[PDB]
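Reading through the structure tokens given below for one structure.
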Amino acid sequence: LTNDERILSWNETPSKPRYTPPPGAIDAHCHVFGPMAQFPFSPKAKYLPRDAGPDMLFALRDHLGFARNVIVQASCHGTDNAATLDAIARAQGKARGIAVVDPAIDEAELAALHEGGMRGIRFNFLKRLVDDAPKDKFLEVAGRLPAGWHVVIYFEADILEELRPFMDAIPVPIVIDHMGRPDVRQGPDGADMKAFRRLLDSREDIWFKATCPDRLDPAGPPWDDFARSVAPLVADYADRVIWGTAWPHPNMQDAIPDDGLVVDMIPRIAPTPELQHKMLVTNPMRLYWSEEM
Ligand SMILES: O=C(O)/C=C(\C=C(/O)C(=O)O)C(=O)O
């Protein structure tokens, strides 16, 4: 199934960001897709993306001015982490990863994923992406992970309440993708942000990605609602926040973001050198390269 027939969801000639990330900056949420010929997609995949391999990822990384990446297993590859693992290997020390695993995965396989640069697993509660999300089995496997791993959790705001018991029971630290998709139109003190802050206030070891204005702010760039709603969250939880591009933007074909503009959101949500250093360097290093910290 030929590449130019599959779904393009990224800008092939992104603008240069006006903002220059600091030395050592980490794009802590990105993906590779395939290449399909070497790494086929999962039968459970709900989208069939165009190839977005390691060389494309590193070209994008370099174009935007990032030093390192956390390469997150994409749902189009299911529980086969091979493409992600190859991308991490090809990064020559400049990447770590997040895996998606069968909840029955054995400890030997988990150790091998660790050796291959994985530092956590992802639980995806979006039905449009993954049919099944067995909370019982997720809780089980979350307690069998290699030392120093965390879980990454992706959900929509309308199920945050229902997930509070599950997240409270998770025995390792938690990273929340895209803040659990709050409606940034509401403002920084709106309903979704208040609910999200209740979650953050329940456990000290819940971190979040301050990410994806393209996904959350339907007005489009400059995404003023995202900027105004998210900046206070970054400022109030400065030691618990990380950031990523979300390139190559799975499922964003209807509103393909310009990565230059995506990166230019950073100094809006993190206006000071202090917040930029924490969000882009210190915090993701603590989660993903703890041995260097
Ligand atoms: O990659 C993201 O950050 C978000 C999306 C896709 C996935 O989480 C995935 O396929 O693994 C989405 O919202 O469509």
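Scheme for the structure tokens: letters A, B, ... for chains in order shown; per-chain residue numbers from 1; ligand numbers from 1 in order shown.
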
Can you check which parts of chain A lie within 6 Å of ligand 1? Per residue, the shortest pair of atoms and distance in Å to one decimal, counting only C-alpha atoms and all ligand atoms, sorted by chain and number, as a Markdown table.
| residue | atom | partner | partner_atom_place_in_ligand_line | distance |
| --- | --- | --- | --- | --- |
| A:74 | CA | ligand 1 | 11 (O) | 3.6 |
| A:75 | CA | ligand 1 | 11 (O) | 3.7 |
| A:76 | CA | ligand 1 | 10 (O) | 5.7 |
| A:129 | CA | ligand 1 | 10 (O) | 6.0 |
| A:246 | CA | ligand 1 | 3 (O) | 5.5 |
| A:250 | CA | ligand 1 | 6 (C) | 5.1 |
| A:251 | CA | ligand 1 | 14 (O) | 4.7 |

Export of prior selection with C-alpha atoms as a PDB file, in the first residue's frame:
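Final output, selection21.pdb:
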ATOM      1  CA  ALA A  74       2.075   5.077  18.025  1.00  0.00           C
ATOM      2  CA  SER A  75      -1.223   3.154  18.129  1.00  0.00           C
ATOM      3  CA  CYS A  76      -0.917   2.354  14.407  1.00  0.00           C
ATOM      4  CA  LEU A 129      -7.631   4.957  18.555  1.00  0.00           C
ATOM      5  CA  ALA A 246       3.632  15.538  18.599  1.00  0.00           C
ATOM      6  CA  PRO A 250      -1.270  11.402  13.750  1.00  0.00           C
ATOM      7  CA  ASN A 251      -4.911  12.070  12.794  1.00  0.00           C
TER       8      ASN A 251
END

Residue 118 of chain A surroundings by only C-alpha atoms, 12 Å radius, close-in-sequence under 6 positions cut, as an NGL selection string: :A and (69-73 or 81-82 or 84-89 or 95-101 or 109-112 or 145-152 or 287-289)

Residue 4 of chain A surroundings by only C-alpha atoms, 12 Å radius, close-in-sequence under 5 positions cut, as a ChimeraX atom specification: /A:9,48-52

Output for the residues just chosen: N, CA, C and O atoms as a compact mmCIF listing (two decimals), in the first residue's frame:
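result_3.txt, freshly written:
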# COMPACT_ATOMS: atom_id res chain seq x y z
N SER A 9 -0.13 13.67 7.41
CA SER A 9 -0.66 14.48 8.49
C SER A 9 0.30 15.55 9.00
O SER A 9 0.04 16.20 10.01
N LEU A 48 -3.96 4.56 8.73
CA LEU A 48 -2.85 4.05 7.93
C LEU A 48 -2.03 5.24 7.45
O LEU A 48 -2.29 5.80 6.38
N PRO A 49 -1.01 5.63 8.24
CA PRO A 49 -0.26 6.84 7.94
C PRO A 49 0.80 6.61 6.86
O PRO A 49 1.24 5.47 6.65
N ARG A 50 1.19 7.68 6.20
CA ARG A 50 2.39 7.69 5.37
C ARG A 50 3.62 7.44 6.26
O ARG A 50 3.61 7.69 7.48
N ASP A 51 4.68 6.92 5.64
CA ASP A 51 5.94 6.64 6.33
C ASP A 51 6.50 7.92 6.94
O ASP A 51 6.51 8.98 6.30
N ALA A 52 6.98 7.80 8.17
CA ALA A 52 7.63 8.92 8.85
C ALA A 52 8.72 8.27 9.68
O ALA A 52 8.56 8.01 10.86

Helix (DSSP H, G or I) per DSSP on the backbone: members of segment 13-252 of chain A, as a ChimeraX atom specification: /A:54-64,75-77,82-90,107-115,135-142,157-169,177-180,184-186,191-202,213-216,224-236

Given only C-alpha atoms as the counted atoms, nearest of A:121, A:45, A:293, A:238 to residue 78 of chain A: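 Checking each of A:121, A:45, A:293, A:238 against residue 78 of chain A, counting only C-alpha atoms, the winner is A:45.
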
Residues of segment 126-250 of chain A in strand (DSSP E), written as a PyMOL selection string: chain A and resi 150-154+174-176+206-209+241-242

Two-atom distance - atom CA of residue 208 of chain A, atom CA of residue 175 of chain A (Å):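 It comes out at 5.1 Å.
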
Closest of A:273, A:260, A:188, A:248 to residue 221 of chain A - atom-to-atom distances counting only C-alpha atoms: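 Using only C-alpha atoms, residue 221 of chain A sits closest to A:260.
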
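One finds atom CA of residue 219 of chain A at 19.9 Å from atom CA of residue 232 of chain A.
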
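Comparing the minimum interatomic distances between residue 144 of chain A and each of A:113, A:105, A:234, A:130, counting only C-alpha atoms, we find that A:105 sits nearest.
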
Atomic separation - atom CA of residue 257 of chain A relative to atom CA of residue 11 of chain A, Å: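 Interatomic distance here is 6.7 Å.
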